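The same protein chain appears twice below, in two forms, each given on its own as structure tokens and labelled structure 1 and structure 2.
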Structure 1
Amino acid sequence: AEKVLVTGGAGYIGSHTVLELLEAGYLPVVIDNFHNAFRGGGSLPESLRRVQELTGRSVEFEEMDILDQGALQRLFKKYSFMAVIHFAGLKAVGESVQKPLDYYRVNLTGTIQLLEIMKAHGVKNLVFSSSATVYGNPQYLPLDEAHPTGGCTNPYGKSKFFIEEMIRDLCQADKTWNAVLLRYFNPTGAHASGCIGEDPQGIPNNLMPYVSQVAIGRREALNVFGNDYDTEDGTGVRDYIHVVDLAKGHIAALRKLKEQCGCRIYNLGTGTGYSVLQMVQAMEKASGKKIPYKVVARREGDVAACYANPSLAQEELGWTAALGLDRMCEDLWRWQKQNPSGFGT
């Protein structure tokens, strides 16, 4: 009746969201298998221990895989969840092209297993981590919720779109379900404290963490994936949104579920697009470092540009992304500088 299950909560967006939830008086229970998150010293992952410290509130956590029915059943028997925020999954567009089965497995099969447990336990309130990739190659920009979905350019985007469809079907089959599908754009930045941030395990697939690792000196130079796109400078254009703003959108989503909203879909973006080179520039500026780069071939699955029309979320969720580029860059750099090796090494 009270707890909020947060899958993949030790990750980038999840950790920030657990923070916001706690600050807002909610009671999160987090699960993660650490596939893409650093393991803390103690029971808690590093990221979560830090959130526990920043908020002053306990973080209930369990190490587990969403693909383990057993563990999930156990978890649901142990806690009385009121809702589920589902972040757990694989998220690299380019990797998906090469390892489709891993994506279908973790993203599709893992979500199906979670929905089955939820249904079984009567916890029919969900917030799902969707993505702008479900729009496939943009037919128009900015992207609104009315733009066609499907015809994705990569297996990851298909996996997200397929999940949206399953959810719509589930909601059609049972009107008692409420589900908010959040199509995020490109989150960046970090908690203002600089204590938590984006700390991928291994080499970063995302632009910004890679860029920050270059500025801090952990990486020699950034590889720019193509410069022959139909954009102002030829490099990819994305709608960067502060991870803090994005995290806050989850609280608004929780409120929407309480209205017995049914199945709803909202973009979570700023509406302002920035190119690869513009991001590098903003980061040189924030870090005071030179961010060497070189142009390589395009990365399969990538689109030239994508940015959101965030009006719907403002109208129905009463949410808007407050923070801008400067703030994103500044927050990112603060985290990087305070944590040159991320959470640990």
Structure 2
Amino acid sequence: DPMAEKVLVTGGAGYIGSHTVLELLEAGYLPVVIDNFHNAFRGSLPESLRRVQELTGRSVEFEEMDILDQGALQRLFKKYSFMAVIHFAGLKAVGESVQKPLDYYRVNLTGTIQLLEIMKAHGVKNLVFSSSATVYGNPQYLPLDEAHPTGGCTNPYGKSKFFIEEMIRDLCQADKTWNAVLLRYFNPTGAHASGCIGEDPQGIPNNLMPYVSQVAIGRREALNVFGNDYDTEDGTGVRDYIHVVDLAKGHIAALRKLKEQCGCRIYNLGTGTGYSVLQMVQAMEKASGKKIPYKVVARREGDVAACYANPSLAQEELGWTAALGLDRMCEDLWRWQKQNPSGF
């Protein structure tokens, strides 16, 4: 029966993936997760997923494997009957990608190509790709909508995400039976409201929310603020943050869209309101009850004043809206950090 078929979640042990697994379970889907533990903590599940099982009271099927392992992909697609794939597996630290680009291109490009090939072979032509709004590059107008130019980005991670988008678009053009939804978003933050799962400490973080929470808890003295004279409401730079639970629900919405036999579709996910650095400091002070000192330092050459996405098309075509604002992001991040100071 179609509703007894499974959803494959690649990279499902990680931050966004584990929250998406929880939302899938809560929504009545049956997830199968694959992950190679490159960036996830190790019972017989990844800890994140062990905790998702406890939070939901429902079972998570899991296989430890690498998307680069063709034989493992073949065994997986023979063992399970997948209705669709939600693809999070990849390398994603922007700063790391500059130092080890070939790893990024190998995992992200070759891994995705191998996934697409096994999906094609097994007739599972239904993909949710977790993309990045960095594909828009520097804003030419704001808010960024799906018509904005893509391909500007100069770091290897962002390029890899753009290249994957293009490969999927070209695949869909060549085979109209494929359905794919590409979800573009900026910085995921927050955590499940239980505080029992969240983002494990990362080696090279992509955004400042972990740093602000670490100043608040006392592990760092102050937040450096790069520039306070931007043409913004408060002079600090404005960036786009989405609560991981809203993000995860957007991935479920994309999964539903595949059933419409939509072909290739592209949607921004976000709240539609950018946040300044000072607004984020102030929100985390309110959530944590602690002073968060900052230090204004010089602008970094190349940083833009403001960057955020227009999520209107997702509301119109996925029925999706973000329900969780900056205060909830801060409150939920703070709870996860307080309950799990070194993560899992």
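Heads up, when I say rigid core I mean the largest set of C-alphas that superpose within 1.5 Å between the two forms. Every residue number counts along structure 1's sequence, beginning with 1.
Core-based superposition between structure 1 and structure 2 leaves all of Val29, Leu277, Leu312, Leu54 but one with CA shifts under 2 Å; the exception is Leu277. Relative to the superposed core, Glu63 undergoes a Cα shift smaller than 2 Å between structure 1 and structure 2. Once the rigid core is overlaid between structure 1 and structure 2, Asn206 counts among the residues whose Cα shifts by 2 Å or more.
Core-aligned CA deviation for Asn223 between structure 1 and structure 2: 2 Å or greater.
After superposition on the rigid core, the Cα atom of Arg327 is displaced by 0.7 Å between structure 1 and structure 2. Core superposition gives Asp302 a CA displacement of 5.9 Å between structure 1 and structure 2.
Core-superposed comparison between structure 1 and structure 2: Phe185 shows a Cα shift of 2.0 Å.
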